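Asker: What follows is a structure written as C-alpha cells; I'll ask about it next.
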Amino acid sequence: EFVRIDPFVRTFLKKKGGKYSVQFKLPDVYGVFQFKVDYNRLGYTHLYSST
Amino acid sequence: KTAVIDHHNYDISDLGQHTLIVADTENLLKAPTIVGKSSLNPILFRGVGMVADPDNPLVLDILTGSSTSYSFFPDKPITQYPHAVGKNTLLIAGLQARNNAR
Amino acid sequence: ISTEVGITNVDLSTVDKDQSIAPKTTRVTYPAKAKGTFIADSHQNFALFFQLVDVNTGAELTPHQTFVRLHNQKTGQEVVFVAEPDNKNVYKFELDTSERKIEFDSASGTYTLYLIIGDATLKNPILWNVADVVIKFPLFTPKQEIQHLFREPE
Ligand SMILES: *[C@@H]1O[C@H](CO)[C@@H](O[C@@H]2O[C@H](CO)[C@@H](O[C@@H]3O[C@H](CO[C@H]4O[C@H](CO[C@H]5O[C@H](CO)[C@@H](O)[C@H](O)[C@@H]5O)[C@@H](O)[C@H](O)[C@@H]4O)[C@@H](O)[C@H](O[C@H]4O[C@H](CO)[C@@H](O)[C@H](O)[C@@H]4O[C@H]4O[C@H](CO)[C@@H](O)[C@H](O)[C@@H]4O[C@H]4O[C@H](CO)[C@@H](O)[C@H](O)[C@@H]4O)[C@@H]3O)[C@H](O)[C@H]2NC(C)=O)[C@H](O)[C@H]1NC(C)=O
C-alpha cells in the first residue's frame, strides 16, 4: 500500500529470487507518501513495515 | 463451579453427570499453523466453558463446543440464562496480541 | 437411577394479534415433522405448548436442560431459548416479533425449530425439529486493489 492519509496504490507483490518486488509509477499528487506492507493472517505473525 | 455439560456427546467413562464432553474434530479453527496438518480423532474435555467477544479482532477460537452443549452448575437447576449456551461455548481459546504474544 | 423421558402433548399454534379470530392449533408427535411451514410476523405470533412425563408414573418430570433452538439454514445463524414450566405443569413458548426483536437482531429468514431436551437422569437425549417456522421482521483477507487515475494529457 502506498498511502498518504489513505491508500493511493495497492498492488500484489510478486516473488523473484528470494524477495517480493514490484515496480510501478508514482501518482500525480505530491507530498510525503509511505509504503505500508502489512501481512496479517490467521495463525501467522503480524508483519508490518512502513518506509 | 461450572462445567461444559453436554448430554448428547458424553463419553462412556463418565461419573453419571455427563461432565466429560467428547468434542469432534469438525468444530475446530481450520488453520493448519495452529492445530497441525494431520487429521484428528475426536478429543476429550473436562473443563469450564469460556466465551469471547464476536467483534473482537485479536481473539481466536481454537475449539468451540458442540451444538447442544451448555455451561451451568451441574447440581442447581437452570434459573438464569446460562453463560455461553450454544456453539459459542469456547473450550480452547487463543490470543495473538499486538506485540505478537501467543 | 435412570429414567426414560416421554413427550405427551405438543400444540403448534398460530395466534393472531387480533382478538376476533380464534387461534389455529395443530398437534404432532415426538419423532415427527410437521406438515407445511408456519408463519410468524407482526400480524401473527407463534405459540407452542408441551408437556413432558416419565414412562412410568410421569408426575410432571422436569429435565435440567430444555432449550428450543432455531437454526437458519440460509445464513447458519442459530438462536437458543429457554423453556418456562408454568405451575400447571405445562412448558410454554411464545414467539413474538415486536417483543423478541433483539434476540434475532432484527433479521428475516426461514428458521428450523429444533428442541433439545435431556438431563443427568434421562435415558435418551431428544432432538427433533417441530416444524420450519418462517420469521420476517418489518480482516484476515486481501483488500480490494486500487489503481491511480492519472491526469488526462491535453
Ligand atoms: C487540505 O487538507 C484536507 C484535509 O486532509 C485535504 O482533504 C482530504 O482530501 C482527500 C482527497 O482529496 C479526501 O479523501 C477522499 O474522500 C473522497 C470522498 O470521501 C468519502 O469519504 C467516505 C468514504 O471513505 C471511507 O471509506 C471507508 C468506509 O468505511 C473508511 O474505512 C474510510 O476511513 C472512510 O471513512 C464516505 O463516507 C463519504 O461520503 C465520501 O464519499 C473519497 O472518494 C476518496 O477516495 C478515493 O481516493 C482514495 C485515495 O485517494 C482511494 O483509496 C479511493 O478508492 C477513492 O479512489 C478513487 O479515486 C482515485 C483517484 O482519485 C482512483 O485511483 C480510484 O480508482 C477511485 O476512483 C473511483 O472513483 C472515481 C470518482 O472519484 C471514479 O472516477 C473512478 O472511475 C473510480 O470509480 C478519498 O477518500 C479526504 O476526505 C479529505 N479530508 C477532509 C477532512 O476534507 C485536502 O486535499 C487538502 N488540500 C489539498 C489541496 O490537498
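So you can find residues: chains in the C-alpha cells are A, B, ... in the order shown, residues in each start at 1, and ligands are numbered from 1 in order.
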With only C-alpha atoms and all ligand atoms counted, collect every polymer residue having an atom within 6 Å of ligand 1; state the result as a list in words.
Answerer: residues 6, 7 and 8 of chain A; 146, 147, 148 and 149 of chain C
Asker: Next, dump the selected residues to file, keeping only C-alpha atoms, as an mmCIF file, in the first residue's frame.
Answerer:
```cif
data_model
loop_
_atom_site.group_PDB
_atom_site.id
_atom_site.type_symbol
_atom_site.label_atom_id
_atom_site.label_comp_id
_atom_site.auth_asym_id
_atom_site.auth_seq_id
_atom_site.Cartn_x
_atom_site.Cartn_y
_atom_site.Cartn_z
ATOM 1 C CA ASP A 6 -5.433 6.856 2.567
ATOM 2 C CA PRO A 7 -4.040 4.379 0.028
ATOM 3 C CA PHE A 8 -3.351 5.685 -3.467
ATOM 4 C CA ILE C 146 -6.627 0.287 -6.259
ATOM 5 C CA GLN C 147 -5.119 1.868 -9.365
ATOM 6 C CA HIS C 148 -4.428 5.577 -9.724
ATOM 7 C CA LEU C 149 -6.401 7.653 -12.231
#
```
Asker: Would you mind listing, as a PyMOL selection string, all residues of chain A that have at least one atom within 7 Å of chain C, where only C-alpha atoms are what counts?
Answerer: chain A and resi 8-11+27-28+40-42
Asker: Keeping N, CA, C and O atoms for every residue in the selection just given, could you write it to a file as a CSV table (one decimal), in the first residue's frame?
Answerer:
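To be explicit, this is the file written out as result_8.csv:
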```csv
chain,number,residue,atom,x,y,z
A,8,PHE,N,-3.2,5.3,-2.1
A,8,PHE,CA,-3.4,5.7,-3.5
A,8,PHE,C,-3.2,4.5,-4.4
A,8,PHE,O,-3.9,4.4,-5.4
A,9,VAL,N,-2.3,3.6,-4.1
A,9,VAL,CA,-2.0,2.4,-4.9
A,9,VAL,C,-1.8,1.2,-4.1
A,9,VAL,O,-1.0,1.2,-3.1
A,10,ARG,N,-2.5,0.1,-4.4
A,10,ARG,CA,-2.4,-1.2,-3.8
A,10,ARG,C,-2.1,-2.2,-4.8
A,10,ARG,O,-2.8,-2.4,-5.8
A,11,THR,N,-1.0,-2.9,-4.6
A,11,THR,CA,-0.6,-3.9,-5.6
A,11,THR,C,-0.2,-5.2,-5.0
A,11,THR,O,0.2,-5.2,-3.8
A,27,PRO,N,1.9,8.3,-8.3
A,27,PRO,CA,0.8,9.1,-8.7
A,27,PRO,C,1.1,10.6,-8.8
A,27,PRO,O,2.2,11.1,-8.4
A,28,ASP,N,0.2,11.4,-9.4
A,28,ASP,CA,0.4,12.8,-9.7
A,28,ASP,C,0.5,13.7,-8.5
A,28,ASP,O,1.2,14.7,-8.5
A,40,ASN,N,-1.1,-9.8,7.6
A,40,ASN,CA,-1.8,-10.3,8.8
A,40,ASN,C,-2.6,-11.6,8.3
A,40,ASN,O,-3.4,-11.5,7.3
A,41,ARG,N,-2.4,-12.7,9.0
A,41,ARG,CA,-3.1,-13.9,8.6
A,41,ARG,C,-3.6,-14.6,9.8
A,41,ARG,O,-3.2,-14.3,11.0
A,42,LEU,N,-4.4,-15.6,9.6
A,42,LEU,CA,-4.9,-16.4,10.7
A,42,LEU,C,-3.9,-17.5,11.1
A,42,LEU,O,-3.8,-18.5,10.4
```
Asker: Could you list the residues in chain B lying within 7 Å of chain C, using only C-alpha atoms, and format the result as a ChimeraX atom specification?
Answerer: /B:7-8,16-18,77-78
Asker: Taking into account only C-alpha atoms, which residue in the set B:33, B:10, B:25, B:73 is nearest to residue B:46?
Answerer: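 Answer, going by the shortest atom-to-atom distance: B:10.
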Asker: Please report as a Markdown table every residue of chain B lying within 7 Å of chain A, along with the nearest atom pair and their distance in Å (one decimal), using only C-alpha atoms.
Answerer:
```
| residue | atom | partner | partner_atom | distance |
| --- | --- | --- | --- | --- |
| B:31 | CA | A:43 | CA | 6.7 |
| B:33 | CA | A:43 | CA | 5.6 |
| B:34 | CA | A:43 | CA | 6.1 |
| B:100 | CA | A:45 | CA | 6.3 |
```
Asker: Could you take the residues named above and write them with N, CA, C and O atoms, as a JSON list (two decimals), in the first residue's frame?
Answerer:
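Saved file part.json follows:
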```
[["chain", "number", "residue", "atom", "x", "y", "z"],
["B", 31, "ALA", "N", -7.09, -23.87, 10.64],
["B", 31, "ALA", "CA", -5.89, -23.15, 10.24],
["B", 31, "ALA", "C", -4.70, -24.05, 10.54],
["B", 31, "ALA", "O", -4.40, -24.30, 11.71],
["B", 33, "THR", "N", -1.58, -23.85, 10.72],
["B", 33, "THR", "CA", -0.45, -23.39, 11.51],
["B", 33, "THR", "C", -0.66, -23.68, 12.99],
["B", 33, "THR", "O", 0.31, -23.96, 13.71],
["B", 34, "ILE", "N", -1.90, -23.65, 13.46],
["B", 34, "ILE", "CA", -2.19, -23.82, 14.88],
["B", 34, "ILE", "C", -2.40, -25.29, 15.22],
["B", 34, "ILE", "O", -1.67, -25.85, 16.05],
["B", 100, "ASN", "N", 2.71, -9.51, 19.17],
["B", 100, "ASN", "CA", 2.83, -10.92, 18.80],
["B", 100, "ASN", "C", 3.26, -11.76, 20.01],
["B", 100, "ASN", "O", 4.34, -12.34, 20.07]]
```
Asker: Compile the contact shell of residue B:59 as a PyMOL selection string: residues with an atom at most 9 Å away, counting only C-alpha atoms, same-chain residues fewer than 6 positions apart removed.
Answerer: chain B and resi 52-53+93-97
Asker: To one decimal place in Å, what is the distance between atom CA of residue C:39 and atom CA of residue C:14?
Answerer: 7.7 Å
Asker: Figure out the distance between atom CA of residue B:27 and atom CA of residue B:67, please, to one decimal in Å.
Answerer: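 It comes out at 9.5 Å.
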Asker: List the neighbours of residue A:35 out to 10 Å using only C-alpha atoms; skip same-chain residues closer than 3 positions along the sequence, and give me the result as number ranges by chain.
Answerer: A: 1-4, 7, 9-10, 38, 49-51
Asker: Mind the document's chain letters and residue numbers, and return as JSON, numbers by chain the residues of stretch 7-49 of chain B that DSSP labels strand (DSSP E).
Answerer: {"B": [21, 22, 23, 43, 44, 45]}
Asker: Output C-alpha atoms of each residue in that selection to a file, as a PDB file, in the first residue's frame.
Answerer:
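Result file follows (out.pdb):
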```pdb
ATOM      1  CA  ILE B  21     -17.504 -33.905  26.814  1.00  0.00           C
ATOM      2  CA  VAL B  22     -16.292 -35.529  23.593  1.00  0.00           C
ATOM      3  CA  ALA B  23     -15.532 -32.710  21.171  1.00  0.00           C
ATOM      4  CA  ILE B  43     -10.910 -35.324  21.578  1.00  0.00           C
ATOM      5  CA  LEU B  44     -11.821 -35.498  25.282  1.00  0.00           C
ATOM      6  CA  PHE B  45     -12.509 -32.491  27.501  1.00  0.00           C
TER       7      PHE B  45
END
```
Asker: Just checking: using only C-alpha atoms, which residue out of B:28, B:58, B:63, B:3 ends up closest to residue B:92?
Answerer: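 For residue B:92, the nearest of the given residues is B:63.
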Asker: Can you tell me, as an MDAnalysis selection string, which residues in chain B count as alpha helix (DSSP H) by DSSP?
Answerer: chainID B and resid 32:35
Asker: Produce a file of the selected residues containing N, CA and C atoms, as an mmCIF file, in the first residue's frame.
Answerer:
```
data_model
loop_
_atom_site.group_PDB
_atom_site.id
_atom_site.type_symbol
_atom_site.label_atom_id
_atom_site.label_comp_id
_atom_site.auth_asym_id
_atom_site.auth_seq_id
_atom_site.Cartn_x
_atom_site.Cartn_y
_atom_site.Cartn_z
ATOM 1 N N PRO B 32 -3.990 -24.543 9.520
ATOM 2 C CA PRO B 32 -3.001 -25.606 9.755
ATOM 3 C C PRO B 32 -1.773 -25.155 10.519
ATOM 4 N N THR B 33 -1.584 -23.852 10.718
ATOM 5 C CA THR B 33 -0.453 -23.389 11.511
ATOM 6 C C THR B 33 -0.656 -23.681 12.992
ATOM 7 N N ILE B 34 -1.899 -23.649 13.461
ATOM 8 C CA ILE B 34 -2.188 -23.820 14.878
ATOM 9 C C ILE B 34 -2.396 -25.288 15.220
ATOM 10 N N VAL B 35 -3.378 -25.922 14.587
ATOM 11 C CA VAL B 35 -3.846 -27.237 15.003
ATOM 12 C C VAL B 35 -3.233 -28.356 14.159
#
```
Asker: Give me, as a list in words, all polymer residues having an atom no more than 10 Å from residue B:51, counting only C-alpha atoms and skipping those fewer than 2 positions away in the same chain.
Answerer: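 After dropping sequence-adjacent residues, the list is residues 49, 53, 54, 61, 64, 83, 84, 85, 88, 89, 90, 91, 92 and 93 of chain B.
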Asker: Limited to N, CA and C atoms, could you put the picked residues into a file as a tab-separated table (two decimals), in the first residue's frame?
Answerer:
```tsv
chain	number	residue	atom	x	y	z
B	49	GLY	N	-16.38	-23.65	30.61
B	49	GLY	CA	-16.62	-23.05	29.32
B	49	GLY	C	-16.57	-21.54	29.32
B	53	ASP	N	-15.69	-12.22	22.75
B	53	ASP	CA	-16.48	-11.20	22.05
B	53	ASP	C	-16.53	-11.51	20.56
B	54	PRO	N	-17.72	-11.53	19.94
B	54	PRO	CA	-17.78	-11.75	18.49
B	54	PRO	C	-17.03	-10.70	17.68
B	61	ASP	N	-10.44	-18.65	18.37
B	61	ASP	CA	-11.23	-19.71	19.00
B	61	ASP	C	-10.76	-21.05	18.44
B	64	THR	N	-14.38	-24.65	19.63
B	64	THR	CA	-15.68	-24.34	20.20
B	64	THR	C	-16.37	-25.62	20.64
B	83	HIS	N	-24.54	-19.11	30.76
B	83	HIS	CA	-23.45	-18.42	30.09
B	83	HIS	C	-22.92	-19.29	28.95
B	84	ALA	N	-22.90	-18.74	27.73
B	84	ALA	CA	-22.36	-19.43	26.55
B	84	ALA	C	-23.10	-20.75	26.30
B	85	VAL	N	-24.37	-20.60	25.91
B	85	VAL	CA	-25.30	-21.73	25.89
B	85	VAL	C	-25.17	-22.62	24.66
B	88	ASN	N	-21.33	-21.13	20.82
B	88	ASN	CA	-20.40	-20.11	21.27
B	88	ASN	C	-19.75	-20.46	22.60
B	89	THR	N	-19.96	-21.68	23.09
B	89	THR	CA	-19.16	-22.21	24.19
B	89	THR	C	-17.76	-22.47	23.67
B	90	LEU	N	-16.77	-21.81	24.26
B	90	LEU	CA	-15.38	-21.98	23.86
B	90	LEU	C	-14.70	-22.95	24.81
B	91	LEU	N	-13.92	-23.86	24.24
B	91	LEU	CA	-13.13	-24.80	25.03
B	91	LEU	C	-11.65	-24.42	25.04
B	92	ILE	N	-11.06	-24.18	23.87
B	92	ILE	CA	-9.69	-23.72	23.75
B	92	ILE	C	-9.72	-22.38	23.02
B	93	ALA	N	-9.14	-21.35	23.62
B	93	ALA	CA	-9.24	-20.01	23.04
B	93	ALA	C	-7.90	-19.31	23.12
```
Asker: Can you check which parts of stretch 89-144 of chain C lie within 10 Å of stretch 15-30 of chain C? Per residue, the shortest pair of atoms and distance in Å to one decimal, counting only C-alpha atoms, sorted by chain and number, as JSON lines.
Answerer:
```
{"residue": "C:94", "atom": "CA", "partner": "C:15", "partner_atom": "CA", "distance": 9.5}
{"residue": "C:95", "atom": "CA", "partner": "C:15", "partner_atom": "CA", "distance": 9.8}
{"residue": "C:96", "atom": "CA", "partner": "C:17", "partner_atom": "CA", "distance": 9.8}
{"residue": "C:126", "atom": "CA", "partner": "C:30", "partner_atom": "CA", "distance": 8.8}
{"residue": "C:127", "atom": "CA", "partner": "C:30", "partner_atom": "CA", "distance": 9.2}
{"residue": "C:128", "atom": "CA", "partner": "C:30", "partner_atom": "CA", "distance": 7.2}
{"residue": "C:129", "atom": "CA", "partner": "C:30", "partner_atom": "CA", "distance": 9.2}
{"residue": "C:130", "atom": "CA", "partner": "C:28", "partner_atom": "CA", "distance": 7.9}
{"residue": "C:131", "atom": "CA", "partner": "C:28", "partner_atom": "CA", "distance": 9.7}
```
Asker: Between atom CA of residue C:34 and atom CA of residue C:110, what is the distance, to one decimal in Å?
Answerer: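 Atom-to-atom, atom CA of residue C:34 to atom CA of residue C:110, that is 15.0 Å.
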Asker: Excluding residue C:92 and residues on its chain fewer than 2 positions from it, collect all residues at most 12 Å away from it, counting only C-alpha atoms, and give them as a compact mmCIF listing (two decimals) with N, CA and C atoms, in the first residue's frame.
Answerer:
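Output below, filename out_34.txt:
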```
# COMPACT_ATOMS: atom_id res chain seq x y z
N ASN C 9 -48.10 -34.13 25.09
CA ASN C 9 -48.96 -33.24 24.32
C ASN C 9 -48.15 -32.05 23.84
N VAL C 10 -48.14 -31.83 22.52
CA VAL C 10 -47.46 -30.70 21.90
C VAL C 10 -48.47 -29.99 21.00
N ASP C 11 -48.60 -28.67 21.16
CA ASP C 11 -49.56 -27.88 20.40
C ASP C 11 -48.83 -26.77 19.66
N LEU C 12 -48.83 -26.84 18.33
CA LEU C 12 -48.29 -25.79 17.48
C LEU C 12 -49.43 -24.84 17.14
N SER C 13 -49.38 -23.63 17.68
CA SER C 13 -50.46 -22.67 17.48
C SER C 13 -49.95 -21.47 16.70
N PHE C 46 -46.30 -16.80 17.08
CA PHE C 46 -46.17 -18.25 17.16
C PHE C 46 -46.34 -18.70 18.60
N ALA C 47 -46.91 -19.88 18.79
CA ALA C 47 -47.14 -20.39 20.13
C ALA C 47 -46.97 -21.89 20.14
N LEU C 48 -46.25 -22.40 21.14
CA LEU C 48 -46.03 -23.82 21.31
C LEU C 48 -46.20 -24.16 22.79
N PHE C 49 -46.97 -25.20 23.08
CA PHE C 49 -47.18 -25.65 24.45
C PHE C 49 -46.93 -27.15 24.51
N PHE C 50 -46.05 -27.59 25.41
CA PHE C 50 -45.78 -29.02 25.50
C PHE C 50 -45.63 -29.47 26.95
N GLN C 51 -45.92 -30.75 27.18
CA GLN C 51 -45.85 -31.38 28.49
C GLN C 51 -44.99 -32.63 28.41
N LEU C 52 -44.16 -32.84 29.43
CA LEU C 52 -43.23 -33.95 29.49
C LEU C 52 -43.55 -34.83 30.70
N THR C 66 -33.59 -27.87 28.79
CA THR C 66 -34.60 -27.86 27.73
C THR C 66 -34.45 -26.55 26.97
N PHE C 67 -33.76 -26.59 25.84
CA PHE C 67 -33.50 -25.40 25.04
C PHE C 67 -34.17 -25.56 23.68
N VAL C 68 -34.89 -24.53 23.25
CA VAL C 68 -35.52 -24.50 21.93
C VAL C 68 -34.62 -23.70 21.00
N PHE C 81 -33.36 -20.64 23.04
CA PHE C 81 -34.28 -20.06 24.01
C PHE C 81 -34.56 -21.04 25.14
N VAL C 82 -34.86 -20.50 26.32
CA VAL C 82 -35.18 -21.35 27.46
C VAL C 82 -36.67 -21.66 27.47
N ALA C 83 -37.04 -22.71 28.20
CA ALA C 83 -38.43 -23.14 28.31
C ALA C 83 -38.96 -22.83 29.70
N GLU C 84 -40.19 -22.33 29.76
CA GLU C 84 -40.80 -21.90 31.02
C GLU C 84 -41.88 -22.88 31.45
N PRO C 85 -41.69 -23.52 32.61
CA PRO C 85 -42.65 -24.51 33.11
C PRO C 85 -43.75 -23.95 34.01
N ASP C 86 -44.83 -23.42 33.45
CA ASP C 86 -45.88 -22.84 34.29
C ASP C 86 -46.38 -23.84 35.33
N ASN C 87 -47.02 -23.31 36.38
CA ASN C 87 -47.42 -24.11 37.53
C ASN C 87 -48.50 -25.13 37.20
N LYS C 88 -49.04 -25.12 35.99
CA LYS C 88 -49.96 -26.15 35.52
C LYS C 88 -49.22 -27.35 34.95
N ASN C 89 -47.89 -27.40 35.13
CA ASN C 89 -47.03 -28.46 34.60
C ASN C 89 -46.99 -28.45 33.08
N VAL C 90 -47.12 -27.27 32.49
CA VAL C 90 -47.08 -27.08 31.04
C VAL C 90 -45.89 -26.19 30.72
N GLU C 94 -43.71 -18.69 23.65
CA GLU C 94 -44.43 -17.68 22.89
C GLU C 94 -43.44 -16.89 22.05
N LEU C 95 -43.58 -16.96 20.74
CA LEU C 95 -42.69 -16.29 19.80
C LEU C 95 -43.38 -15.04 19.28
```
Asker: Residues at most 12 Å from residue A:21, counting only C-alpha atoms, excluding those fewer than 4 positions away in the same chain, as a PDB file with N, CA, C and O atoms, in the first residue's frame?
Answerer:
```pdb
ATOM      1  N   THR A  11      -0.982  -2.943  -4.642  1.00  0.00           N
ATOM      2  CA  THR A  11      -0.603  -3.941  -5.636  1.00  0.00           C
ATOM      3  C   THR A  11      -0.160  -5.225  -4.952  1.00  0.00           C
ATOM      4  O   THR A  11       0.189  -5.237  -3.772  1.00  0.00           O
ATOM      5  N   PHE A  12      -0.177  -6.314  -5.714  1.00  0.00           N
ATOM      6  CA  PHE A  12       0.301  -7.594  -5.211  1.00  0.00           C
ATOM      7  C   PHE A  12       1.796  -7.717  -5.457  1.00  0.00           C
ATOM      8  O   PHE A  12       2.255  -7.612  -6.597  1.00  0.00           O
ATOM      9  N   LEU A  13       2.556  -7.937  -4.389  1.00  0.00           N
ATOM     10  CA  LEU A  13       3.977  -8.201  -4.548  1.00  0.00           C
ATOM     11  C   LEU A  13       4.177  -9.547  -5.228  1.00  0.00           C
ATOM     12  O   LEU A  13       3.414 -10.491  -5.014  1.00  0.00           O
ATOM     13  N   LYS A  14       5.212  -9.631  -6.056  1.00  0.00           N
ATOM     14  CA  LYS A  14       5.496 -10.822  -6.839  1.00  0.00           C
ATOM     15  C   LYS A  14       6.891 -11.324  -6.504  1.00  0.00           C
ATOM     16  O   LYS A  14       7.819 -10.530  -6.323  1.00  0.00           O
ATOM     17  N   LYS A  15       7.028 -12.643  -6.415  1.00  0.00           N
ATOM     18  CA  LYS A  15       8.258 -13.247  -5.925  1.00  0.00           C
ATOM     19  C   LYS A  15       9.269 -13.411  -7.051  1.00  0.00           C
ATOM     20  O   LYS A  15       8.939 -13.924  -8.124  1.00  0.00           O
ATOM     21  N   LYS A  16      10.501 -12.975  -6.803  1.00  0.00           N
ATOM     22  CA  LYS A  16      11.613 -13.252  -7.698  1.00  0.00           C
ATOM     23  C   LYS A  16      12.877 -13.344  -6.858  1.00  0.00           C
ATOM     24  O   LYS A  16      13.041 -12.602  -5.884  1.00  0.00           O
ATOM     25  N   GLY A  17      13.757 -14.270  -7.229  1.00  0.00           N
ATOM     26  CA  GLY A  17      14.910 -14.567  -6.405  1.00  0.00           C
ATOM     27  C   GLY A  17      14.476 -15.091  -5.052  1.00  0.00           C
ATOM     28  O   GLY A  17      13.997 -16.222  -4.938  1.00  0.00           O
ATOM     29  N   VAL A  37       3.620  -2.292   4.113  1.00  0.00           N
ATOM     30  CA  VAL A  37       3.447  -3.709   3.848  1.00  0.00           C
ATOM     31  C   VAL A  37       2.996  -4.325   5.159  1.00  0.00           C
ATOM     32  O   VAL A  37       3.784  -4.431   6.108  1.00  0.00           O
TER      33      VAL A  37
END
```
Asker: Can you work out which one of B:47, B:74, B:82, B:65 has the shortest atom-to-atom distance to residue B:26, counting only C-alpha atoms?
Answerer: B:65
